[PDB]
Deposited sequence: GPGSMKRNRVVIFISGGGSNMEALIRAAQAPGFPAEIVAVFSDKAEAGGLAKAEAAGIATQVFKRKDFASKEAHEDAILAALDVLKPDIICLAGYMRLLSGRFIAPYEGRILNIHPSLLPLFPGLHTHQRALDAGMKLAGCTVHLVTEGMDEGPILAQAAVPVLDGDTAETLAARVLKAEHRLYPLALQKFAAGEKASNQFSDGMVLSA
């Protein structure tokens, strides 16, 4: 029996779609049972629907408080019985209270080499620090910053912008998230 995964998104769902694609393979140890979003306009939803994955939207504005919003989400999760929850560009902070029932089972991808640049603008920040490598991190989300599960590095090239660098790191995220999920559920880069 494969691990049941629910992916959360708020935007275009690039990493969500990478997870859905990797999970189609024979013997992959997880299946994607739903994609949840806090935004109806999130481009990832249409992508999930086209690949035949159930989708659910819970808008914050539709509840009287953040707790009522997390409560609706938890009740909805419970009917799906996920084993693993993957955040893939979800833009809301999870309370400790939300995390508790899924302690140790919530993963997140972040486009820096944590603990560097744990907040926003990670690619510009790498360029501003003059770094020659950058990358991404999958970690557990904890009751900021649970245990790192996996990391990937790519070169920063002469002449990169935040946009060119982000696009390269994103190829790496597409490969890293499935690998971390595979490891969870079941040489060197030189830049000069």
| property | result |
| --- | --- |
| Deposited-sequence ranges lacking C-alpha coordinates, in sequence order | 1-5, 149-150, 194-203 |
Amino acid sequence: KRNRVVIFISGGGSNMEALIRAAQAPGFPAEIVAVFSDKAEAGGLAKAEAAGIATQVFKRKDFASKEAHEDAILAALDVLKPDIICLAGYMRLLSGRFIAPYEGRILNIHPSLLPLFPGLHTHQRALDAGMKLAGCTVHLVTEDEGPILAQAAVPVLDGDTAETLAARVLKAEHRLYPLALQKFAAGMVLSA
From here on, numbers count along this sequence of modelled residues.
| item | value |
| --- | --- |
| Greater mean Cα temperature factor according to the PDB record, 132-140 or 53-61 | 53-61 |
| Residue of maximum C-alpha B factor among 75, 109, 106, 91, per deposited coordinates | 91 |
| Chain-relative CA temperature factor third for residue 14 | lowest |
| Cα B factor band for residue 47 (lowest, middle or highest third within the chain) | highest |
| Chain-wide C-alpha B factor ranking for residue 157, given as lowest, middle or highest third | highest |
| CA B-factor ranking of residue 67, expressed as a third of its chain | highest |
| Third of chain Cα B-factors occupied by residue 99 | middle |
